[PDB]
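J.: Contents of final29.cif (mmCIF, C-alpha atoms and all ligand atoms):
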```cif
data_final
loop_
_atom_site.label_atom_id
_atom_site.label_comp_id
_atom_site.auth_asym_id
_atom_site.auth_seq_id
_atom_site.Cartn_x
_atom_site.Cartn_y
_atom_site.Cartn_z
CA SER W 1 0.00 0.00 0.00
CA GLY W 2 0.95 3.67 -0.29
CA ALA W 3 0.22 6.94 -2.01
CA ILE W 4 1.75 10.21 -3.23
CA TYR W 5 0.26 13.33 -1.58
CA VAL W 6 0.94 16.41 -3.79
CA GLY W 7 -1.15 19.60 -3.48
CA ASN W 8 -4.80 18.55 -3.08
CA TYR W 9 -4.23 15.23 -4.89
CA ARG W 10 -3.74 11.63 -3.65
CA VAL W 11 -2.07 9.36 -6.28
CA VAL W 12 -2.60 5.60 -5.70
CA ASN W 13 -2.42 2.33 -7.65
CA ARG W 14 -5.80 2.08 -9.45
CA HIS W 15 -6.14 -1.53 -8.23
CA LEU W 16 -5.83 -0.41 -4.56
CA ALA W 17 -8.21 2.62 -4.80
CA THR W 18 -10.84 2.84 -2.05
CA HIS W 19 -14.57 3.76 -2.35
CA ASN W 20 -13.65 7.27 -1.06
CA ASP W 21 -11.07 7.56 -3.87
CA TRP W 22 -13.68 6.62 -6.52
CA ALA W 23 -16.22 9.00 -4.92
CA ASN W 24 -13.73 11.94 -5.14
CA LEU W 25 -12.14 10.97 -8.46
CA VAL W 26 -9.96 13.37 -10.48
CA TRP W 27 -8.46 10.97 -13.10
CA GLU W 28 -7.84 7.26 -13.65
CA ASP W 29 -6.10 5.14 -16.28
CA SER W 30 -6.25 1.32 -16.13
CA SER W 31 -3.44 0.91 -18.71
CA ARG W 32 -1.09 2.77 -16.28
CA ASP W 33 -2.52 1.30 -13.02
CA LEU W 34 -2.99 4.87 -11.72
CA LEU W 35 -5.86 6.72 -10.01
CA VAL W 36 -5.88 10.23 -8.57
CA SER W 37 -8.46 11.50 -6.03
CA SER W 38 -8.96 14.91 -4.35
CA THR W 39 -7.94 15.65 -0.73
CA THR W 40 -9.13 18.19 1.85
CA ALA W 41 -5.61 18.71 3.28
CA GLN W 42 -2.52 19.73 1.25
CA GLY W 43 0.29 17.18 0.88
CA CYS W 44 4.08 17.44 1.18
CA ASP W 45 5.42 15.37 -1.68
CA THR W 46 7.00 17.17 -4.71
CA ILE W 47 6.94 15.55 -8.19
CA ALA W 48 10.21 15.12 -10.13
CA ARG W 49 10.32 16.77 -13.59
CA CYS W 50 13.33 15.00 -15.23
CA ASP W 51 14.68 11.93 -17.16
CA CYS W 52 16.60 10.32 -14.18
CA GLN W 53 17.24 6.59 -14.45
CA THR W 54 18.67 6.22 -10.90
CA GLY W 55 16.80 6.67 -7.65
CA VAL W 56 15.63 4.95 -4.46
CA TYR W 57 12.38 3.09 -3.76
CA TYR W 58 10.60 1.88 -0.62
CA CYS W 59 10.02 -1.89 -0.23
CA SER W 60 7.47 -2.57 2.54
CA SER W 61 8.18 -6.34 2.48
CA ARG W 62 11.74 -5.53 3.62
CA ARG W 63 11.13 -2.27 5.61
CA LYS W 64 13.94 -0.84 3.47
CA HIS W 65 14.71 1.79 0.86
CA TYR W 66 16.88 0.46 -2.00
CA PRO W 67 18.91 2.41 -4.54
CA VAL W 68 18.10 1.25 -8.08
CA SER W 69 18.76 1.90 -11.75
CA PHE W 70 15.47 1.84 -13.74
CA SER W 71 14.41 1.85 -17.39
CA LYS W 72 12.65 4.73 -19.18
CA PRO W 73 8.80 4.65 -19.08
CA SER W 74 7.66 2.15 -21.71
CA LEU W 75 4.91 -0.25 -22.83
CA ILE W 76 5.77 -3.60 -21.12
CA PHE W 77 4.04 -6.98 -21.07
CA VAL W 78 3.14 -7.86 -17.47
CA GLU W 79 2.01 -11.36 -16.39
CA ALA W 80 -1.45 -11.96 -14.88
CA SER W 81 -1.90 -10.93 -11.21
CA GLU W 82 -5.05 -10.90 -8.93
CA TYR W 83 -5.89 -7.46 -10.31
CA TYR W 84 -5.16 -7.56 -14.06
CA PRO W 85 -4.96 -10.29 -16.68
CA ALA W 86 -1.65 -10.64 -18.61
CA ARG W 87 -1.45 -7.45 -20.67
CA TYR W 88 0.61 -4.49 -21.80
CA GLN W 89 0.97 -1.79 -19.12
CA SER W 90 2.00 1.69 -20.30
CA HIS W 91 4.35 4.29 -18.73
CA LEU W 92 6.05 1.48 -16.73
CA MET W 93 9.75 1.46 -15.65
CA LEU W 94 11.59 -1.72 -14.54
CA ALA W 95 14.46 -2.25 -12.07
CA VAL W 96 16.10 -5.25 -10.39
CA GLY W 97 14.66 -5.32 -6.86
CA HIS W 98 12.52 -7.22 -4.45
CA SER W 99 8.74 -6.88 -4.84
CA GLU W 100 5.58 -8.68 -3.54
CA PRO W 101 1.97 -7.64 -4.29
CA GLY W 102 1.44 -5.51 -1.11
CA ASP W 103 4.62 -3.63 -2.01
CA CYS W 104 2.50 -1.64 -4.60
CA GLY W 105 2.30 2.05 -3.54
CA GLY W 106 5.88 2.41 -2.36
CA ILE W 107 7.53 5.59 -3.67
CA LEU W 108 10.41 5.71 -6.14
CA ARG W 109 12.27 9.07 -5.86
CA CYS W 110 15.29 10.73 -7.43
CA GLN W 111 17.25 13.94 -6.63
CA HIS W 112 14.35 16.02 -8.13
CA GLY W 113 11.45 14.48 -6.15
CA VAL W 114 8.88 11.64 -6.55
CA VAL W 115 9.19 9.68 -9.81
CA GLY W 116 6.46 7.09 -9.41
CA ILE W 117 5.05 4.24 -7.31
CA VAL W 118 5.57 0.46 -7.22
CA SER W 119 2.96 -1.25 -9.48
CA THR W 120 4.44 -4.56 -10.84
CA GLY W 121 7.26 -7.11 -10.05
CA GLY W 122 8.30 -10.72 -9.51
CA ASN W 123 11.37 -12.81 -10.10
CA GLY W 124 13.73 -10.10 -8.79
CA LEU W 125 12.06 -7.34 -10.78
CA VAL W 126 10.09 -4.39 -9.63
CA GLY W 127 7.89 -2.16 -11.78
CA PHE W 128 7.07 1.49 -11.25
CA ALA W 129 4.22 3.52 -12.67
CA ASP W 130 5.75 6.85 -13.77
CA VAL W 131 4.05 10.12 -12.78
CA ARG W 132 6.66 12.63 -14.12
CA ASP W 133 4.62 13.40 -17.27
CA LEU W 134 1.47 14.36 -15.25
CA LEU W 135 2.27 18.07 -15.13
CA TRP W 136 -1.24 18.98 -13.90
CA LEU W 137 -0.38 17.39 -10.48
CA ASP W 138 1.60 20.68 -9.81
CA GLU W 139 -1.45 23.00 -10.13
CA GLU W 140 -5.25 23.56 -9.61
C1 LIG W 201 5.15 -5.68 -7.03
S1 LIG W 201 3.70 -6.47 -7.70
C2 LIG W 201 4.07 -8.20 -7.57
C3 LIG W 201 5.26 -8.64 -7.02
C4 LIG W 201 5.57 -9.98 -6.97
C5 LIG W 201 4.70 -10.90 -7.45
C6 LIG W 201 3.51 -10.49 -8.00
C7 LIG W 201 3.18 -9.13 -8.08
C8 LIG W 201 1.91 -8.73 -8.77
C9 LIG W 201 1.56 -9.85 -9.72
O1 LIG W 201 0.83 -10.77 -9.40
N1 LIG W 201 2.15 -9.77 -10.93
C10 LIG W 201 1.98 -10.83 -11.93
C11 LIG W 201 3.24 -11.10 -12.68
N2 LIG W 201 3.76 -9.85 -13.16
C12 LIG W 201 3.87 -8.76 -12.45
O2 LIG W 201 4.76 -7.95 -12.65
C13 LIG W 201 2.89 -8.57 -11.32
ZN ZN W 202 15.34 13.21 -11.37
#
```
Take the structure in the file and write it out as structure tokens.
T.:
Amino acid sequence: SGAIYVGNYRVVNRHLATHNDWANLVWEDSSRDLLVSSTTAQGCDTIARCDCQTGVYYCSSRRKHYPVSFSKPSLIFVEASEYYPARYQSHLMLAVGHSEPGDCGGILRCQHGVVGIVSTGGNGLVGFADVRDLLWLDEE
């Protein structure tokens, strides 16, 4: 589990969104596994606006933050899980790191701020849903 809290937005994995998230929906995209809802309080996270390929992510199944090198956001085939059939997921970055399903939501960050959240993984791989192209998260 986990979310990004920027401005009056809460960014979560679409497959982990609650009824309150769907009832206060701003935007959602199943192909990216992302959903954004509105918040009453302002958050403290800042979004990275960059092309970094190195950063650090949080792994809840290890209580640890790991430094990783990660690929550029791309369209990648992801195997079936409890939440999606086997399919192509867009805007996804891969790194070598430990992941388990409840690890989704952990933040990946670089020197510029938050890059994205854990969304896929398995077999020593971890996938991140990128948020750096969602410029509207910085306003309104
Ligand atoms: C970090 S998500 C995760 C991690 C380990 C195992 C499983 C998951 C989620 C899942 O069932 N799959 C199916 C296979 N492909 C995936 O990348 C995701
Ligand atoms: Zn960066």
J.: Contacts of residue W:83 at 12 Å or less, counting only C-alpha atoms, minus same-chain residues fewer than 5 places along, as a list in words?
T.: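 So, after excluding close chain neighbours, the residues are residues 13, 14, 15, 16, 17, 30, 33, 78, 101, 102, 104, 119 and 120 of chain W.
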J.: So what do you get for atom CA of residue W:108 versus atom CA of residue W:4, distance-wise?
T.: 10.2 Å
J.: Report as JSON the centre and the edge lengths, in Å to one decimal, of the axis-aligned box holding every listed atom of stretch 123-139 of chain W, padded by 3 Å on each side.
T.:
```
{"center_x": 6.1, "center_y": 5.1, "center_z": -13.0, "size_x": 21.2, "size_y": 41.8, "size_z": 14.5}
```
J.: Taking a cut-off of 7 Å and counting all atoms listed in the file, can you build a table that, for each residue of chain W near ligand ZN 202 (chain W), reports the nearest atom pair and how far apart they are in Å (one decimal), sorted by chain then residue number, as a tab-separated table?
T.:
```
residue	atom	partner	partner_atom	distance
W:48	CA	W:ZN202	ZN	5.6
W:49	CA	W:ZN202	ZN	6.5
W:50	CA	W:ZN202	ZN	4.7
W:51	CA	W:ZN202	ZN	6.0
W:52	CA	W:ZN202	ZN	4.2
W:110	CA	W:ZN202	ZN	4.7
W:111	CA	W:ZN202	ZN	5.2
W:112	CA	W:ZN202	ZN	4.4
W:113	CA	W:ZN202	ZN	6.6
```
J.: Next, the residues of the selection above should be written as an mmCIF file, in the coordinates of the input with C-alpha atoms.
T.:
```cif
data_model
loop_
_atom_site.group_PDB
_atom_site.id
_atom_site.type_symbol
_atom_site.label_atom_id
_atom_site.label_comp_id
_atom_site.auth_asym_id
_atom_site.auth_seq_id
_atom_site.Cartn_x
_atom_site.Cartn_y
_atom_site.Cartn_z
ATOM 1 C CA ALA W 48 10.210 15.120 -10.130
ATOM 2 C CA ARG W 49 10.320 16.770 -13.590
ATOM 3 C CA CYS W 50 13.330 15.000 -15.230
ATOM 4 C CA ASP W 51 14.680 11.930 -17.160
ATOM 5 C CA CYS W 52 16.600 10.320 -14.180
ATOM 6 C CA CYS W 110 15.290 10.730 -7.430
ATOM 7 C CA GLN W 111 17.250 13.940 -6.630
ATOM 8 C CA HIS W 112 14.350 16.020 -8.130
ATOM 9 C CA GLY W 113 11.450 14.480 -6.150
#
```
J.: If you count only C-alpha atoms and all ligand atoms, which residues end up within 9 Å of ligand LIG 201 (chain W), as a VMD selection string?
T.: chain W and resid 77 to 86 98 to 105 118 to 128
J.: Give as a PyMOL selection string the set of residues within 6 Å of the point (6.6, 2.1, -23.0), where distances use the file's coordinates and all atoms listed in the file.
T.: chain W and resi 73-75+90-91
J.: Between W:63, W:58, W:53, W:69, which is the closest to residue W:107 once you count all atoms listed in the file?
T.: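 Ranked by minimum distance to residue W:107, first place goes to W:58.
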J.: In Å, how far is it from atom CA of residue W:137 to atom CA of residue W:64?
T.: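 Computing it gives 27.1 Å between the two atoms.
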J.: So the first atom is atom CA of residue W:1 and the second is atom CA of residue W:21; what is the distance between them in Å, to one decimal place?
T.: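 Answer for the atom CA of residue W:1 to atom CA of residue W:21 separation: 14.0 Å.
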J.: Determine the nearest neighbour of residue W:56 from the options W:89, W:72, W:6, W:114, counting only C-alpha atoms.
T.: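 Using only C-alpha atoms, the shortest distance to residue W:56 belongs to W:114.
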J.: Taking into account only C-alpha atoms, which residue in the set W:27, W:5, W:22, W:57 is nearest to residue W:106?
T.: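 Answer, going by the shortest atom-to-atom distance: W:57.
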J.: Nearest to residue W:32 among W:135, W:3, W:115, W:93, with distances taken over only C-alpha atoms: which residue is it?
T.: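 Answer, going by the shortest atom-to-atom distance: W:93.
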J.: Which neighbours of residue W:139 fall inside 12 Å, counting all atoms listed in the file, when residues of the same chain fewer than 4 positions from it are skipped, and could you give them as an MDAnalysis selection string?
T.: chainID W and resid 6:9 42 46:47 134:135
J.: Which one of W:94, W:38, W:31, W:20 sits closest to residue W:140 if you count all atoms listed in the file?
T.: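 Checking each of W:94, W:38, W:31, W:20 against residue W:140, counting all atoms listed in the file, the winner is W:38.
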